[PDB]
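Engineer: My structure is in upload28.csv, and what it holds is CSV, C-alpha atoms:
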chain,number,residue,atom,x,y,z
A,1,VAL,CA,0.0,0.0,0.0
A,2,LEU,CA,2.8,2.4,0.8
A,3,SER,CA,4.6,1.6,-2.5
A,4,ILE,CA,1.4,2.2,-4.4
A,5,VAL,CA,1.1,5.5,-2.5
A,6,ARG,CA,4.8,6.3,-3.1
A,7,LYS,CA,-0.3,6.2,-7.6
A,8,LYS,CA,-2.6,8.8,-6.1
A,9,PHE,CA,-2.5,10.0,-2.5
A,10,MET,CA,-4.5,12.6,-0.6
A,11,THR,CA,-5.0,14.0,2.9
A,12,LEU,CA,-8.0,12.8,4.9
A,13,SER,CA,-10.3,9.9,27.3
A,14,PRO,CA,-8.0,9.3,30.3
A,15,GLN,CA,-6.9,5.8,29.0
A,16,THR,CA,-3.2,6.5,29.4
A,17,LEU,CA,-2.2,3.7,27.0
A,18,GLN,CA,1.6,4.2,27.4
A,19,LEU,CA,1.4,4.6,31.2
A,20,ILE,CA,-0.4,1.2,31.7
A,21,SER,CA,1.6,-0.5,28.9
A,22,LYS,CA,4.9,0.4,30.6
A,23,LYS,CA,3.9,-1.3,33.8
A,24,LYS,CA,2.4,-4.2,31.9
A,25,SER,CA,5.5,-4.9,29.9
A,26,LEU,CA,7.6,-4.4,33.1
A,27,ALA,CA,5.6,-7.0,35.0
A,28,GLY,CA,5.7,-9.4,32.0
A,29,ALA,CA,9.5,-9.2,31.6
A,30,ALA,CA,10.0,-9.4,35.4
A,31,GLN,CA,8.0,-12.6,35.6
A,32,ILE,CA,10.2,-14.4,33.1
A,33,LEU,CA,13.3,-12.9,34.6
A,34,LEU,CA,12.4,-14.1,38.1
A,35,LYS,CA,11.4,-17.5,36.7
B,1,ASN,CA,42.0,-26.6,45.4
B,2,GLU,CA,40.9,-23.1,46.5
B,3,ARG,CA,40.6,-21.9,42.9
B,4,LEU,CA,37.8,-24.4,42.3
B,5,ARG,CA,35.8,-23.2,45.3
B,6,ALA,CA,36.6,-19.6,44.2
B,7,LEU,CA,35.1,-20.2,40.7
B,8,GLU,CA,32.1,-22.0,42.2
B,9,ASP,CA,31.4,-19.0,44.5
B,10,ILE,CA,31.9,-16.6,41.6
B,11,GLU,CA,29.3,-18.5,39.6
B,12,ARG,CA,26.9,-18.6,42.5
B,13,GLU,CA,27.4,-14.9,43.0
B,14,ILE,CA,26.8,-14.2,39.4
B,15,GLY,CA,23.5,-16.1,39.6
B,16,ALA,CA,22.5,-14.3,42.7
B,17,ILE,CA,23.4,-10.9,41.1
B,18,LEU,CA,21.2,-11.7,38.1
B,19,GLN,CA,18.4,-12.7,40.5
B,20,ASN,CA,18.9,-9.5,42.6
B,21,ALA,CA,18.9,-7.3,39.5
B,22,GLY,CA,15.7,-8.9,38.2
B,23,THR,CA,14.0,-8.5,41.6
B,24,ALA,CA,15.1,-4.9,41.9
B,25,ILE,CA,13.8,-4.1,38.4
B,26,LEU,CA,10.5,-5.7,39.3
B,27,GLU,CA,10.2,-3.9,42.6
B,28,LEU,CA,11.1,-0.5,41.0
B,29,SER,CA,8.8,-0.9,38.0
B,30,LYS,CA,5.9,-2.3,40.0
B,31,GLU,CA,4.8,0.9,41.7
B,32,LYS,CA,6.2,4.2,43.0
B,33,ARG,CA,11.0,2.1,48.9
B,34,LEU,CA,14.2,0.1,48.9
B,35,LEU,CA,14.4,0.0,45.1
B,36,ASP,CA,17.4,2.4,45.0
B,37,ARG,CA,19.4,0.4,47.4
B,38,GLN,CA,18.4,-2.9,45.7
B,39,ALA,CA,19.5,-1.6,42.3
B,40,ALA,CA,22.8,-0.3,43.8
B,41,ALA,CA,23.5,-3.7,45.4
B,42,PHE,CA,22.6,-5.5,42.2
B,43,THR,CA,25.0,-3.3,40.1
B,44,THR,CA,27.7,-3.7,42.7
B,45,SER,CA,27.3,-7.5,42.7
B,46,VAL,CA,27.4,-7.6,38.9
B,47,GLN,CA,30.6,-5.5,38.8
B,48,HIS,CA,32.1,-7.8,41.5
B,49,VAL,CA,31.2,-10.9,39.4
B,50,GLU,CA,32.7,-9.3,36.3
B,51,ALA,CA,35.9,-8.4,38.2
B,52,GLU,CA,36.2,-12.0,39.6
B,53,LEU,CA,35.7,-13.5,36.1
B,54,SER,CA,38.3,-11.2,34.7
B,55,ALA,CA,40.7,-12.0,37.4
B,56,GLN,CA,40.2,-15.8,37.0
B,57,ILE,CA,40.6,-15.4,33.3
B,58,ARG,CA,43.8,-13.4,33.9
B,59,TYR,CA,45.5,-16.4,35.6
B,60,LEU,CA,49.2,-17.3,35.4
B,61,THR,CA,48.6,-19.7,32.4
B,62,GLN,CA,50.7,-22.5,33.8
B,63,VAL,CA,51.7,-24.3,30.6
B,64,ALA,CA,49.4,-23.7,27.6
B,65,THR,CA,52.0,-25.5,25.5
B,66,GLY,CA,51.6,-29.3,26.1
B,67,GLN,CA,50.1,-31.9,28.4
B,68,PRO,CA,51.3,-30.8,31.9
B,69,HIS,CA,51.9,-32.8,35.1
B,70,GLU,CA,52.7,-35.9,33.1
B,71,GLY,CA,52.9,-38.9,35.3
B,72,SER,CA,50.4,-39.6,38.0
B,73,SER,CA,52.6,-41.7,40.3
B,74,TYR,CA,51.9,-44.9,38.4
B,75,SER,CA,54.9,-46.6,40.1
B,76,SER,CA,53.4,-46.0,43.5
B,77,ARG,CA,50.0,-47.4,42.3
B,78,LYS,CA,51.7,-50.5,41.0
B,79,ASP,CA,53.7,-50.9,44.2
B,80,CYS,CA,50.5,-50.7,46.3
B,81,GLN,CA,48.8,-53.2,44.0
B,82,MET,CA,51.6,-55.6,44.4
B,83,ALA,CA,51.5,-55.1,48.2
B,84,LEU,CA,47.8,-55.8,48.2
B,85,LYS,CA,48.4,-58.9,46.1
B,86,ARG,CA,51.1,-60.1,48.5
B,87,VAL,CA,48.7,-59.6,51.5
B,88,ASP,CA,46.0,-61.5,49.7
B,89,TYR,CA,48.3,-64.5,48.9
B,90,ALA,CA,49.5,-64.5,52.5
B,91,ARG,CA,45.9,-64.6,53.7
B,92,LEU,CA,45.1,-67.5,51.3
B,93,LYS,CA,48.1,-69.5,52.4
B,94,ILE,CA,47.3,-68.8,56.1
B,95,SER,CA,43.7,-70.0,55.5
B,96,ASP,CA,45.0,-73.1,53.9
B,97,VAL,CA,47.4,-73.8,56.8
B,98,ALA,CA,44.5,-73.2,59.2
B,99,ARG,CA,42.3,-75.6,57.3
B,100,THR,CA,45.1,-78.2,57.4
B,101,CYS,CA,45.5,-77.7,61.2
B,102,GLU,CA,41.8,-78.0,61.8
B,103,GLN,CA,41.7,-81.2,59.8
B,104,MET,CA,44.7,-82.4,61.9
B,105,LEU,CA,43.1,-81.7,65.3
Output the file's structure in the form of structure tokens.

Structural biologist:
Amino acid sequence: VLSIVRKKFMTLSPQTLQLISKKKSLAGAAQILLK
Amino acid sequence: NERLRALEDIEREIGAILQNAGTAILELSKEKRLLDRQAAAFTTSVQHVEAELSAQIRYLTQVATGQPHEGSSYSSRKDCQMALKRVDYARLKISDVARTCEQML
């Protein structure tokens, strides 16, 4: 799709995704590390 | 003798340092007490394990040219084997003489 666009192109909530994902990945890696 | 125990303790300390680093990272990334001291101790133990490994690798390099310490006292081994064989033959002859004496009496 990018190579085709490289044909005809055009221009057209307190979730805190990164804040929770950091702790999630930290816990996930720490689990395997401790194991 | 002591170098073997030294290497064993170095390996155990490297394992303990890895475990301590993992536990410190877990405690520090869980939520935000002793995480700073734990990370400091883990880094210090890792540095100590690295230094011990480097020192053990930088050993005197006794020979590194051929098979060293050739000859494991094989003469003494053979002498001990012959002494044991002599003792066994003496025991057999003594048992034979004892059987003869028992048959006599």

Engineer: To one decimal place in Å, what is the distance between CA of residue 9 in chain B and CA of residue 21 in chain B?

Structural biologist: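 Going from CA of residue 9 in chain B over to CA of residue 21 in chain B, I get 17.8 Å.
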
Engineer: For chain A, which of B:34, B:89, B:66, B:20 is the closest residue, counting only C-alpha atoms?

Structural biologist: B:20

Engineer: If you take all atoms listed in the file and a cut-off of 12 Å, which residues of chain B touch chain A, and what are their nearest atom pairs and distances in Å to one decimal, in chain and number order, as JSON lines?

Structural biologist:
{"residue": "B:15", "atom": "CA", "partner": "A:34", "partner_atom": "CA", "distance": 11.4}
{"residue": "B:16", "atom": "CA", "partner": "A:34", "partner_atom": "CA", "distance": 11.1}
{"residue": "B:17", "atom": "CA", "partner": "A:34", "partner_atom": "CA", "distance": 11.8}
{"residue": "B:18", "atom": "CA", "partner": "A:33", "partner_atom": "CA", "distance": 8.7}
{"residue": "B:19", "atom": "CA", "partner": "A:34", "partner_atom": "CA", "distance": 6.6}
{"residue": "B:20", "atom": "CA", "partner": "A:34", "partner_atom": "CA", "distance": 9.1}
{"residue": "B:21", "atom": "CA", "partner": "A:33", "partner_atom": "CA", "distance": 9.3}
{"residue": "B:22", "atom": "CA", "partner": "A:33", "partner_atom": "CA", "distance": 5.9}
{"residue": "B:23", "atom": "CA", "partner": "A:34", "partner_atom": "CA", "distance": 6.8}
{"residue": "B:24", "atom": "CA", "partner": "A:30", "partner_atom": "CA", "distance": 9.4}
{"residue": "B:25", "atom": "CA", "partner": "A:30", "partner_atom": "CA", "distance": 7.2}
{"residue": "B:26", "atom": "CA", "partner": "A:30", "partner_atom": "CA", "distance": 5.4}
{"residue": "B:27", "atom": "CA", "partner": "A:30", "partner_atom": "CA", "distance": 9.1}
{"residue": "B:28", "atom": "CA", "partner": "A:26", "partner_atom": "CA", "distance": 9.5}
{"residue": "B:29", "atom": "CA", "partner": "A:26", "partner_atom": "CA", "distance": 6.1}
{"residue": "B:30", "atom": "CA", "partner": "A:23", "partner_atom": "CA", "distance": 6.6}
{"residue": "B:31", "atom": "CA", "partner": "A:23", "partner_atom": "CA", "distance": 8.2}
{"residue": "B:32", "atom": "CA", "partner": "A:23", "partner_atom": "CA", "distance": 11.0}

Engineer: Expressed in Å to a single decimal, how great is the separation between CA of residue 14 in chain B and CA of residue 49 in chain B?

Structural biologist: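 Straight-line distance from CA of residue 14 in chain B to CA of residue 49 in chain B works out to 5.5 Å.
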
Engineer: Mind giving me the straight-line distance from CA of residue 63 in chain B to CA of residue 1 in chain B in Å, one decimal?

Structural biologist: 17.8 Å
